[PDB]
Amino acid sequence: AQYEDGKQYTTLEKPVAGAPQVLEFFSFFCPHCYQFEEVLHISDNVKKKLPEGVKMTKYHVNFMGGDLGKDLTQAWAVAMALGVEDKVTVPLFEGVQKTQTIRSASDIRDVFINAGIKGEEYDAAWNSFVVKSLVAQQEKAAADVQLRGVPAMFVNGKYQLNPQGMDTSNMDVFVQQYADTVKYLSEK
């Protein structure tokens, strides 16, 4: 067929109950993740094709970058809590991987301050239990899909995107196929 298990996607041996409809894992330390978001715009292209009322969820992961890596999962939780994902995603990617001016929890915070988030507001979120459970949720989710690498995307807690079995030559063909595969999986 056009879409094949083992080709554009794989099936989790152990489907995840109550999972987000579309779940992406990434790290701000992840070079392939930089390409995914800042150059290929996978998240955006996937959303531009998703059915009505399908939410795209994006989680950060700890295993890259040690202490800074976890700080970034906590800051991403802050971004989710405050609903400012679309203001901090680009300067966080660039701060870690382009300018490399993000080297500490303070430098991360600077990105938010400069993007318009009040200091009190950031700090209150940062220290909050709401943010602590969001961190736990993201770690939880990584465990539930038995995550081994990023970037990754799972659909309805059942199917795993397999960019390796897609056409990798034209950037835009690749991106279109990835986005089309997610749409197909979402209606499956």
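Per the authors' numbering, the very first residue in the sequence shown carries number 1; after that it's consecutive. Cβ coordinates follow ideal geometry from the N, Cα and C atoms, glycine included.
Those residues which DSSP pairs with residue i across a bridge
i	result
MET153	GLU24
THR11	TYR159
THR57	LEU23
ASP5	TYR9
C-alpha gap between residue i and residue j, whole angstroms
i	j	result
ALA142	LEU161	15 Å
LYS140	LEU147	10 Å
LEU72	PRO20	21 Å
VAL61	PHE26	6 Å
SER186	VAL46	11 Å
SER43	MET171	14 Å
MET56	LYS183	11 Å
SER128	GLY6	42 Å
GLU85	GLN8	28 Å
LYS49	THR181	10 Å
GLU120	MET64	28 Å
Which listed residue (the options) has its alpha carbon closest to that of residue i
i	options	result
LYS132	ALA79, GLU94, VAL39, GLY53	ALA79
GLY18	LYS158, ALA136, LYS188, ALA152	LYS158
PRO163	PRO91, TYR178, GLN137	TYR178
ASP123	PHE29, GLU13, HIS41, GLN74	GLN74
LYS58	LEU12, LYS98, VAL135, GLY119	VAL135
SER104	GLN176, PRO31, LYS118, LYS70	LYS70
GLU52	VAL22, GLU38, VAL130	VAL22
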